């Protein structure tokens, strides 16, 4: 009896995944202090 | 394809909207800050390290 | 999903052999059952009036 | 994610269809300039220019393979419906002569009084 | 003003003196090969289809196998499809091979 | 309708346009295989094999005549914008040489530093 025999049968074993916190960093609007907004829907 | 949305567990329109928003914010930063960077500054503006 | 999970189970096999004085008892083993696999398909048609 | 805490591998999911192919951007050459809604042959692509390009800039050509109305035909020749159309890049005009011109379409409506042709654009071969 | 006037999925033609077309059949009229959406008479205006789409038809020469992928040529003299590749006009490529009922699925081509 | 009360007569209305025909089903032969979003020539049809197939399986090829991002070219050749594209079925790579290869497209964006190309797909002639 050895765990190595049943290692390949992944469906028998409990599946645990370690959290990594992977993704894409948020992209902020850095240009706001410099510019003067002119919002008009008929330019 | 409809099959990709319906059968794929993780795929969704939410991640597509996230990608759209991220690229949009980066586009805004580029549009409103690349004129500042790419400009050919004359010697009047430029200041040395000193 | 388009392909269904396969049910699994673990089963322990053993056999009783009657023991005489001074023979090592043979040990059993373990076998794993596997269920069937089902698949989901997409059917479609339509008209162009 | 710069400075991520764990070396997460990245797997690219392949993709082929980049766009619809209705139109294509093209860079103007030196001795070229385009105005809107006129046919041109720029870098091997024949289509209707959708922007006014002046020099060394980027313009979009429409290659939709749809039906197009166009002036700018060699009025000496008569364009009956069904005849193949060719593009004379030297004269910048449509013609039925197949000497070395580029095949670009087939006529639907014959040559009318106003030198106007309705023709079906071709697959850019 | 716009150069594009219509999507080009269909094209109008005028029937000559030796041409007559019935609904939903293939006809080579004035260099355009398509499916006529109207039953036409001499000197009448009809509309053909050049939609580059998959089309069904049994109007074929029943002598040679139309295995999938082979080019389909339209013989105006006999008014039939065939794989001769002679001076007959090229019109499509077979998607689904011929069945026992002599039915073909093929993709139209851009009239070049 | 079997066993109908009355001898009715059924008249068919003909319909030629079976389908839009933007893609075509095809069956893999012995010496052919596919994986998703890769270009292939199968049974005279050239397109993007949208599904995996190995042996006698059914796969579908995109023939939309849209713009496609491919890579997978003969790297030694130069691919300027507008140049015609040919598929070398022996090498299973795109190329501009027209020796015995199928004409399949025209480049919209030239060969970049990583051999990527955008090109219009052609009507499978």
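Here the chain labels run A, B, C, D, E and F in written order, and each chain numbers its own residues starting at 1.
Keep this in mind: contacts are C-beta pairs under 8 Å (C-beta built on N, C-alpha and C of every residue); 3 or more make two chains touch, one makes a residue touch a chain.
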Common touching chains of chain F and chain C: none
Pair joined by more contacting C-beta pairs (A-D or A-B): A-B
Chain whose Cα mean lies nearest the overall Cα mean: F
Distance from chain C to chain A - Cα centre to Cα centre, in angstrom: 35
Separation of mean Cα positions, chain F and chain D [Å, integer]: 23
Whole-Å separation of chain centres (CA-atom averages), chain D against chain E: 26
Centroid distance [mean C-alpha coordinates] between chain C and chain B, Å: 51
Chain D, residues touching no fewer than two other chains: 65, 123, 125
Contacts with 2+ other chains: residues of chain A: 24
For the chain E and chain F complex, residues of the former touching the latter: 23-26, 35, 49, 51-57, 68-71, 90, 93, 95-96, 105, 107-110, 112
Interfacial residue positions of chain A with respect to chain B in the complex: 24, 26-31, 34-35
Contacting residues of chain E [partner chain D, same complex]: 1-8, 11-14, 30-32, 50, 52, 110-112
Sites on chain C touched by chain A in the complex: 6, 8, 10, 30, 32
Residue ranges of chain B touching chain A (in the complex, touch as defined): 18, 22, 25-26, 28-29, 32-33, 36
